[PDB]
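# Fold and geometry: a report
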Amino acid sequence: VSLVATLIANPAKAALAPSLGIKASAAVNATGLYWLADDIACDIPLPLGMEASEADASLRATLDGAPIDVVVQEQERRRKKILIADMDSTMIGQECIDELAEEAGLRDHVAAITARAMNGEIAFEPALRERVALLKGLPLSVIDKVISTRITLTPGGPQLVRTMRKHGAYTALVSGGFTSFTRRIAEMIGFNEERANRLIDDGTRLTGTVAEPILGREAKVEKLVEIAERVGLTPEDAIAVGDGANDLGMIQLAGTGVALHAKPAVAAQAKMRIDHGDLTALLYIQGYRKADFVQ
Ligand SMILES: [Cl-]
Ligand SMILES: [Cl-]
Ligand SMILES: [Mg+2]
């Protein structure tokens, strides 16, 4: 019945100064205050009897205007042994489908569809079919061209995955995007596995269609269920992270679900949001100290 609050800043805008942490912990009459990383993250055990609603509200007031995230959770079982993470705009800085669209001269057209799909204003599968149809005829050569020149890893990603693995967790990159991207990205970052949709080609060029059935919101829920049974755990043993509406199913099922840099409509439906930190925030969410990290 013991709660703990964690405050988290981006290491590139590390504003969680020692005085700010003290003030924050005072704001909740905390038992103590433990630094997971200097100027970046600290744990605050809430007094027994304080509801999770009072803190967070109390802590977001005291921090109002600083780029510092607030999460509250039970301290037991906050370290998870499964990670399931979306790729597009979560572990990479880009939307792979928008990047491919540029090679067809249609970036802005496709990207506006992507934004509504990711906000939940249109269903994923028909949005994906519409966007991929515009890629018809692109040569298979442009995939590596996109990956090598325009895809970048989100800060903190490798360290999150590697540190979780170091501690025995099983880590999976699941994506409504494309296996030709997740395969390379998952290896760059160090995931144990990846699972994504598949572009159809004729042997030289993209047909403009996607292998059916299309993996969407429920396919992420099902992959989390599948991973947990296979490693002999439950989804409660997983932390799930994404930015989009099609991530909310796995975010809501996992024991710890994080909306990471999500738009307000998506972030409204997640119990835990990270708007400032990078992916190391999920390490601090789980109680890790910077000493425990794989550097
Ligand atoms: Cl593919
Ligand atoms: Cl939950
Ligand atoms: Mg995404």
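Within every chain, numbering proceeds from 1 in written sequence order, not necessarily in step with the numbering of the entry, and residues without coordinates do not appear. Chains carry letters and ligands carry numbers; both start at the beginning, A for chains and 1 for ligands, and go up in the order they are written. Only hydrogens and water are removed before side-chain values are computed, so all heavy atoms of the structure are retained for them.

## Quick look at the UniProt feature "binding site: Ca(2+)" (unreviewed entry) in the protein chain
UniProt positions are given in the numbering used here, feature names are shortened, and annotations may be inferred rather than shown by experiment. Per the UniProt record, the feature "binding site: Ca(2+)" (unreviewed entry) sits at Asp86, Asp88 and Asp243. In three dimensions, the annotated residues from a span of 158 residues occupy one location, with a maximal C-alpha spread of 8.4 Å. Between two residues, a contact is recorded if the distance between any of their heavy atoms is within 4.5 Å. Look past the residues within four positions of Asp88 in its chain and what remains in contact with it is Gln94, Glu95, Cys96, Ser175, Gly177 and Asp243. Tracing the backbone shows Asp243 in the loop between β10 (238-242) and α11 (248-253). Exposure categories follow from relative accessible area, calculated using a 1.4 Å probe and restricted to protein chains: below 20% of the type maximum is buried, above 50% is exposed, and the middle band is partly exposed. Given a relative accessible area of 10%, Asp243 falls into the buried group. Counting of polar contacts relies on pairs of N or O atoms within 3.5 Å, with two restrictions inside protein: one atom must be capable of donating a hydrogen and the other of accepting it, and residues adjacent in sequence are counted only when both atoms are side-chain atoms. In this structure the side chain of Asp243 is engaged in a polar contact, spanning 3.0 Å, whose partner is the side chain of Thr90. What counts as a helix is a DSSP run of H or I of at least four residues, what counts as a strand is a run of E of at least two, and both are numbered from the N terminus.

## A closer look at the sheet that holds strand β3 (residues 41-45)
Strands qualify as paired when DSSP identifies two bridges or more between them. The strand order across the open sheet built from four strands is β2-β3-β1-β4, with neighbouring strands paired in antiparallel fashion. Each end of this open sheet is capped by a strand with a single partner; those strands are β2 (34-37) and β4 (68-74). Each strand axis lies, on average, 20° off the axis of its neighbour in the sheet, ignoring direction. Against the sheet, helix α1 (residues 18-26) makes contact with β1 (3-9), β2, β3 and β4, and its axis sits at roughly 20° relative to β3, the strand it touches most. Set on the sheet, helix α2 (residues 54-62) makes contact with β1, β3 and β4; between it and β4 the angle comes to about 165°. All axes here are fitted lines through C-alpha atoms, helices being fitted over the stretch that makes contact, and every angle between N-to-C directions spans 0 to 180 degrees.

## Focus on the UniProt feature "active site" (unreviewed entry) in the protein chain
Following the UniProt record, one finds the feature "active site" (unreviewed entry) at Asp86 and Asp88. On the secondary structure map, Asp86 appears in the loop between β5 (82-85) and α3 (87-91). Judged by relative accessible area, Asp86 falls into the buried class, the value being 3%. With residues up to four places along the chain from it excluded, the contact list for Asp86 reads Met91, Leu173, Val174, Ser175, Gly176, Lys220, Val241, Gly242, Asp243, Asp247 and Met250. Position of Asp88 among the secondary structure elements: in helix α3.

## Notes on the pattern of salt bridges
Just to be clear on terms, a salt bridge is a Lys or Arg side-chain nitrogen sitting within 4 Å of an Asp or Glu carboxyl oxygen. In this structure the tally under the stated criterion is 18 salt bridges. The partner of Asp43 in a salt bridge is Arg78, with the nearest N and O atoms 2.7 Å apart. Of the two residues, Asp43 sits in strand β3 while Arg78 sits in the loop between β4 and β5, which places them 35 residues apart along the sequence. In this structure, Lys220 engages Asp247 in a salt bridge whose closest nitrogen and oxygen atoms are separated by 2.6 Å. One end of the pair, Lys220, is in helix α10 (residues 217-230); the other, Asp247, is in the loop between β10 and α11, and 27 residues separate them in sequence. Across this residue pair, the class does not change: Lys220 and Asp247 are buried. Among the ionic contacts, a cluster of salt bridges with common partners joins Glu99, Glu102, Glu103, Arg107, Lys145 and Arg150.

## Considerations on the packing of helix α4 (residues 96-103) against helix α7 (residues 141-150)
In the contact formed by α4 and α7, the axes pass within 10 Å of each other and the chain directions differ by 115°. Considering how the two elements wind past one another, α4 and α7 form a crossing that is right-handed. Contacts from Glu99, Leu100, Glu102 and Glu103 of α4 reach α7 at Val142, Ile143, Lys145, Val146 and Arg150. Its residues placed into classes, the contact of α4 with α7 shows four nonpolar, no polar and five charged. Here a crossing is called left-handed whenever its near helix is offset anticlockwise from the far helix by less than a right angle, and right-handed whenever the offset is clockwise. When residues are grouped by polarity, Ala, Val, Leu, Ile, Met, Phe, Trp, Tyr, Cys and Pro land in nonpolar, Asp, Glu, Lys and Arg in charged, and all others, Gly among them, in polar.

## Considering helix α9 (residues 179-189)
Within the sequence span of α9, burial applies to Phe181, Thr182, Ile185, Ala186 and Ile189. Burial along α9 is one-sided: seen end-on, the buried residues are contained in an arc of 120°. What points out from α9, more than 90 degrees from its buried face, is the exposed set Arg183 and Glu187. In the core, the buried residues of α9 are packed alongside α3, α4, α7, α8 (157-166), β6 (170-178) and β7 (193-197). One or two positions beyond α9, positive phi appears at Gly190, with a value near 110°. Within this analysis, the arc is defined by the directions that extend from the helix axis to the C-beta atoms.

## Comments concerning the sheet that holds strand β12 (residues 272-274)
The strand order β7-β6-β5-β10-β11-β12 describes an open sheet built from six strands, whose pairing is parallel. Two strands in the sheet have a free side with no partner beyond their single neighbour: β7 and β12. Each neighbouring strand pair of the sheet contributes to a mean axis angle of 20°, computed without reference to strand direction. Bridge count for strand β11 (residues 256-260) against β12 is three bridges, and the pairing is parallel.

## Description of the coordination of the magnesium ion (ligand 3)
Here the coordinating atoms are restricted to nitrogen, oxygen and sulfur within 2.8 Å of the metal centre, or 3.2 Å for Na, K and Ca, and because water is not among them the sites may look incomplete. Protein coordination of the magnesium ion (ligand 3) is provided by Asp86 (OD), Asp88 (O) and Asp243 (OD), with donor distances spanning 2.0 to 2.2 Å. Here the donor residues of the magnesium ion (ligand 3) are spaced in sequence according to D-x1-D-x154-D. In this pair, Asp88 sits in helix α3 while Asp243 sits in the loop between β10 and α11, placing the two residues 155 residues apart along the sequence. By the burial criterion, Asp88 is buried, and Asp243 matches it.

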